[PDB]
Amino acid sequence: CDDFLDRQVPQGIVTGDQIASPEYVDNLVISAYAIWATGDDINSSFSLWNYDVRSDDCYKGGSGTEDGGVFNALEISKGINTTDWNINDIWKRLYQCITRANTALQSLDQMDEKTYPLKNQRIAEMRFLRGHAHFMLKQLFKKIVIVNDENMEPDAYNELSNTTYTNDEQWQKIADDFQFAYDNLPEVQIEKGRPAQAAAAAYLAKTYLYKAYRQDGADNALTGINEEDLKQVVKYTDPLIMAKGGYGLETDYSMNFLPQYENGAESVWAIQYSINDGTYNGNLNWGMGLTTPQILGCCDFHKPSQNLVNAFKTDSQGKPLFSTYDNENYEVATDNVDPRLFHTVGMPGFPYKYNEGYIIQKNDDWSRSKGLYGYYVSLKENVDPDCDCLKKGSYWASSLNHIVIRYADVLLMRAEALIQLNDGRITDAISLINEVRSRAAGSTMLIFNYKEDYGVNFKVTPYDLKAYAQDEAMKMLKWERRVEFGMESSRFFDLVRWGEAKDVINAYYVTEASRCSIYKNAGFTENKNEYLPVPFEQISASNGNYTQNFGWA
Amino acid sequence: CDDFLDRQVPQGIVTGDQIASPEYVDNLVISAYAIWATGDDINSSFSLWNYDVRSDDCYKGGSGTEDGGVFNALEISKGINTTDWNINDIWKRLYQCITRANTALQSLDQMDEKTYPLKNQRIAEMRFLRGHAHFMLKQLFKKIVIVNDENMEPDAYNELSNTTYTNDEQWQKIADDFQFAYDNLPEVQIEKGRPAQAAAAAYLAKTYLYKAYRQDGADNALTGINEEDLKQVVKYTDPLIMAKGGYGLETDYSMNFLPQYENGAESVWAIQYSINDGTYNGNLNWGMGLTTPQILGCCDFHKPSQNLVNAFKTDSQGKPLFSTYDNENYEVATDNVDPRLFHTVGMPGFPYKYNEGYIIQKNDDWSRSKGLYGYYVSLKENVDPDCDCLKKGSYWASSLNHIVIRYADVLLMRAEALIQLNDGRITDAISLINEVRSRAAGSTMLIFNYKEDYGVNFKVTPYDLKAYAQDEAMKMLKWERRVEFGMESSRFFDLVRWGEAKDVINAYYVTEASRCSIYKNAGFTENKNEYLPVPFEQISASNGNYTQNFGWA
Amino acid sequence: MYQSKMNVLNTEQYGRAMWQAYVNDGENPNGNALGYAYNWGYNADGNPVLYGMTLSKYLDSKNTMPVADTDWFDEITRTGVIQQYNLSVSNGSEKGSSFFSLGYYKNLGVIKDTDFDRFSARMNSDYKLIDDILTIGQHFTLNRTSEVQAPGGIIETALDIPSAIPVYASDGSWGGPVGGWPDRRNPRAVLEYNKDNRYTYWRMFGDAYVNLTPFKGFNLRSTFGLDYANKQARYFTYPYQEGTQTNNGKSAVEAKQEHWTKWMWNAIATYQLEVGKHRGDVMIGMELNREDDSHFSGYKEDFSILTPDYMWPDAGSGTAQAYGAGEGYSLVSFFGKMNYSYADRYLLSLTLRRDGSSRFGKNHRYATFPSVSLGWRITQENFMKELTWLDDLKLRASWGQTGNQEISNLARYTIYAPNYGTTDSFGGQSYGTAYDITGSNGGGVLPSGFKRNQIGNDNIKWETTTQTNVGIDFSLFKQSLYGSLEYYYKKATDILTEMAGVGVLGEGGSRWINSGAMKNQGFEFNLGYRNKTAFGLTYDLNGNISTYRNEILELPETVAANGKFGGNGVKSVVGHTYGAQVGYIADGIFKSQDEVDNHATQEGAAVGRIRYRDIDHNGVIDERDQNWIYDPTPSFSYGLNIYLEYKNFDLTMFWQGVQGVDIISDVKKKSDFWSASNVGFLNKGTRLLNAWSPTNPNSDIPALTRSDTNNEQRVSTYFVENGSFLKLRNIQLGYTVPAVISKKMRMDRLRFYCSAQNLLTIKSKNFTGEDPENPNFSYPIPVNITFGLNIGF
Amino acid sequence: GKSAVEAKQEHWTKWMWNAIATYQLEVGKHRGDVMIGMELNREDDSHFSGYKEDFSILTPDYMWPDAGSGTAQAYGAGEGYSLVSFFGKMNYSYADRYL
Ligand SMILES: [Mg+2]
Ligand SMILES: [Mg+2]
Ligand SMILES: [Mg+2]
């Protein structure tokens, strides 16, 4: 009668003292990749689409204002509360991603290179993933906790702060992870879920880019653009790095968002959503669940703005209408337009994802809100309703990979660092803009007959190659970001990185309000709404160890 | 207490009076395709490989004589008994194939074309399948029962005979099925398991080809070659038919037998073995189970003959050694040879299915019989041991499609009808031989470096285009059949169709016996061993309605 | 303990035999694929003689598997031990009664890594309300059982695997075959992999009843019954890689569940009445029956930790399958009986029963069965006064019908099943309805359909058995010589069988049918002699001898040539006994080529082969040279029971015999041929080493050969043997402790017994198997010694 | 067009055993009771199911896992706990006045 109290053993699990064993280390690695597919839900998408509703690219959509009103607050910047469940959830969910990356790192740290030669490669893979999650937390909250000690015991997590490091030192700690990945990932990864060395370079550049626009004040205002941080962006966007892993622009723009065309040369790193895979309904991108159009019965979230639509117009010789684009609404008949439009937003009268069996209409069939949020549809994450990749669970979803880094992003981030350095390498920066802008004008592979069938007048031209003043250059770079990356949920983060988020979002608020009534009372307050508040529940549980953001206490 | 005796209903099934319902008709169709994958086993392969051991292409293999001795009897033509379980099984199993084809036909007969426009197409598909099974029974047994009334009730099956129709009328009834398929199948089948119109044409030609070599005597001797039957072969091998479905020769011969390359232009109809498909272990080609090499632990059945190996030698200008090929055994160093050899039989010293990580050796590792059955391996149905298509169940198997009709077969069957017609279209027949023979000499894509690494002297040349006497032409056609279709389990059927099966098999018996001792007492008796006996158990249950074959009672 | 077994070849005998089979075929025996090297040559008369043989230390060039002389049967068997304990208590009281039992039973089977245990509790009671006109009662029992069953055919596969393969590899891993050795896994290793597959079986069954007695002779009784059992288990699949044997790296677990609930209800009314001489009883009743069954499981592959603790479906990472179904049947039953006796001299009883069963369509759902039983007690008659040496002489005569209804619950249906192809199956043969119709090569749900399992029968009806017996039982002297002479004649009509279909009808042609008639008539005659000796000894000797002959009367023409009931598809068994067989007649062994030419021409005929008889004298041996060669009817069957009491000891012997009976077996294909088998190089029996040879010319056993050219696997008198036997089922001795010493302990009875089952067997000399009563097995029934007590307070 | 069936099974077996010794005694005024004991407890639990999609006939009679044509999942686990218990009691009463 004490042998008796010890007989029953846990069933169906591994216990903490056996899980660091070598036989499980690659299991833990896969697990950390897995949570990027399985760790989000419809209100917490790791694409961050839910929060890019703040940007001038999209509306919230849905039945009306009452449908996710917590996301209507974000979209108009009024009524956001520190207590909101969605903010707390996205914070919680990305730190869960870090748990698996660290749990594997803890086990990988104990391996012998002599007996496990992929050690540093696998370690590189895990710090990459750890960087990806810290990076997104940083975009979302500014004042993040740097959880990068994988040998830290569960109790030491109670004494961490989000002010242990200055804003600049936080960005550096994210960069340090990506740095290790660059120095250790292989040049090619047969297994395409794992990032290659060029993916690490590209993310390392992206993070030194965001780190360059300093907010070293006590607030969110810009305190300068640091030269040497920009010079790291140039170093790690080097085409000689990108060539070594085979990355390049797709010959047609649409190929980045089509199931037939996953893992092309422009997909530098992507989340490998999958189907017919043993899981209950497929590792589909359930996070995009709310985004599908009303023609599937639900739910009609994430709808393009008339502003974004108008940004695609061109000027009789194939260039943006820099100061006039949004005066009149786009008219297919009389206006020149950019081919990227028809791969970004589905307009009425035109085929939904290239399928002339479904023509979008100004209908109760195509807008859940009977006109409130307009009648536009997000293409980049939806698919042909006849795809074999589309399944229904709680919501409709697909196996379409989500591209975290598109090779165009490398080219445009490289041009941004060059423009902002001003070493007379601005022309170099414009030929990179041209690489991206030329591809667009040729990307009519799937809509070549819209001139005949609908009267679309495509015209997009490269820029004349000459000297440009820097503010003019930036204006062209920002604009090329706009038409290349619409509805990819980076727009607001840019606006904040550039320090002009209050100015253009407010202008957009006054501008869009005439076309969409949810903005009638909108209002962005500077040095507050650039970032999400750190969740009240998180501050509460820290025992005074976390500090809030400027404008929030 | 009679309402009580009716309450319990069958669970988990459909009953006979509901199964003819429209909602199930396409289920029945799929089911009839399915049994071509699921209805055989290791001793009853629908490739008929087990019975082609009678031919001069292969040995039985395995541990020794005691391992499937029932198949050693067949291989030496002595000791075959009418009672043998394998003969009864292959008869039973192909009539089960016909059951599903008929059960669907019975339901398809009741549909309305107005409400089900694919009716005649689906009916065509089912009679094709019904022809395929009768055709193989006919090759195997000569005196088959023609089960082609799908509305026939279960009791009328007891009064059927295998002598209701003359030998020629049986062949005609098989042709009539294929005829309907030709007149009704579509030209392209997106769903590649379903036969296309050209597949029906090709099978219709194959059956009029076999029907042409009349055995209208009471025995198996040839009683003539019927001209008009040959003229149907020419009509339905017409390149204008084959072009309309896109069929053609592969640019490399090896592509017909590689997983990477299923459903190419030369696969006119094939059995779609599959993997990761919901079934317990995959719809793999379990029928080839015994054929895998000893390097997988088992079982080393279906081994190429030194005779067949020697048939691949060439004559200093790239032609068969018609009367000398088998005098000396092939020596890679000093002999010219045909590239098809290295895609047919794996010899020691050379890579097993193109994988230099596995070099075949004269070893206990590569021949279960320690030399008894030699050391050669059948490639055409095995795969790279590193393939993702290879799984173990009871036996090792793969998802490699089995090609029932290769487009080369269409070309060579066309040349056979032309040679045998003798209308001065013999030259046409030789340019078709040349099409097949030229492709061979270029099929070094996967073994181009064997001249350097092993000293193989490839040489294969087309035939000079001129007038040939007919027996000379036939000699070249037979030989091209030999080197094109080795180990595809047609060799013995040809020999019987040509009426020379006793002559060459006996000569081979004396010839092979010096190299392989199982043949030391072999002996084919004319007008008996050309066909399998009808199974004693089948004759028994007929109540005198079936008659046996010549030489068997 | 297993007493004997078919002796199989050891590593040297196996090496000797293969040598003989080689030289018998004029083949180089040193070219064998199994590593034996033979020192041999020719004698003075030019005949192969084996001088010596060597064997490698290891079976494979890589030296992972050492050469062995394993006795596999001794390796997977052991002494079984059984232990039972039962404790009961009962209470008798004026107004009711109650009973209570606890029991335990633990079997460690004779087969390693098997075991079995049964807890049991029974508790019954009755309650006399309205004292002796209204009574309420109950029986209930409750069993928990748990067991690891052996795998099917584990023993035979241990006799099949050659002795050269070791139990353990060079390190401690499980041994196996390398190279050409048979593709058969290690039987010991199979048991170890089976050792955790344990089911847990819970069963309860009881009944509750009310009994109303409204006046003197009347009785109304209703009973409700319930029988609910459920079986639960996990079957574990572990990776293996033992020589050439391999799982790849498979691991899985199947969690199986089964349920059987059976409920019953009846009402019965009985009336008895007695008027001087006349006594009469009537009884009517009804009984509804239902049984509902269901099973289902979950299967999942790939487990990180290969232990039962870890291996639940939640923890698997590979693919999954889900199985399960259910079936059921219901029975209605109406019945009546009438007993009458004039002067305890003339008895008469009548009986009538309508039975209905959901296994038939409405058109045959019920069948009605009557009986008449008649009785005359001679010795009670007045004219029998004079015979004092005759205490009783009863004469009974009966006629009754009973029905057979044990068939599939779906016997009458054409059954189409979806059968996508999710269940294991050997070497193929899924018969799945799923197909890659698109050419994808898989990676998804395939389209699928339906396949036929059986064809229905709108006209399936009850099998009816009409039975007639007349009897004469007696007793003479003063109940010292009791006996009985019976004669029965049972004839069955519309016999039910699942009958397969003709080949050309194809998949799912099996049918449940009524097919023909049988007849079984015989003689039973039991005789006894009981008497004390007045010297302290009581003997009670009770015998029985029976004869029976059996015969088929009608058969559909299709079934008679089929051969289901006998005749092997060559002759109809109509007019013959059930299971009788037609085959060739084995006429010895050709001993010279002249004897081969001098015999009807037959294919495999050669020196040393079996000569088969030319039944019809046409000069060839073919399929007609067959006749009736096997009849299962024994000439008679007996049984004698000895009982002795002496000085409180008691001795009991039960003998049972069967005389003059054919048996038929395949055993000889393993014991008498190197090659009478589809799979080569298996271990064989030891009778081979007396096979025919020039050196060994006067033997029934054909010459060893690597090829069965002569088709000696043909149904022949070579496989028919004298299966007559006599055995001691049970012997038992016991001491009963005299109450002078036992009630010492406030205990009434106290008894010790020692008993033995299946100890002795006497066979025919020309029988060559293990046990003639079970001629198919190569192993006997193991002997049991038991020690027990029956203390009784 | 989803259709599926899940066949769920659960088992709970709990067994208990005790021994207890009690002694009572009465001497005029004084009454006293002592009691000692022990109790072992165990409970073993287990559940498991089979899930399968796609059924031609949407009725309980038809919808068993054998009859499904889509994909399958298999679930199940178990847990358990045991308890040992030692105890004693002592009752005393002087004059049915003091307990
Ligand atoms: Mg994907
Ligand atoms: Mg395939
Ligand atoms: Mg005869």
# chains A, B, ... in the order shown; residues from 1 in each chain; ligands from 1
call {"tool": "residues_near_ligand", "arguments": {"ligand": "ligand 3", "cutoff": "8 Å", "atoms": "only C-alpha atoms and all ligand atoms", "output": "number ranges by chain"}}
result
C: 600, 614-625
call {"tool": "residues_around", "arguments": {"residues": "residue C:435", "least_positions_apart": "2", "cutoff": "12 Å", "atoms": "only C-alpha atoms", "output": "ChimeraX atom specification"}}
result
/B:27-39,191-194,271-275,277-279,282-284,399 /C:419-421,430-433,437-442,444-450 /D:69
call {"tool": "atom_distance", "arguments": {"atom1": "atom CA of residue C:740", "atom2": "atom CA of residue C:536"}}
result
18.0 Å
call {"tool": "closest_residue", "arguments": {"among": "C:474, C:119, C:181, C:578", "to": "chain B", "atoms": "only C-alpha atoms"}}
result
C:181
call {"tool": "residues_around", "arguments": {"residues": "residue B:59", "least_positions_apart": "3", "cutoff": "8 Å", "atoms": "only C-alpha atoms", "output": "number ranges by chain"}}
result
B: 53, 75, 301-305, 373
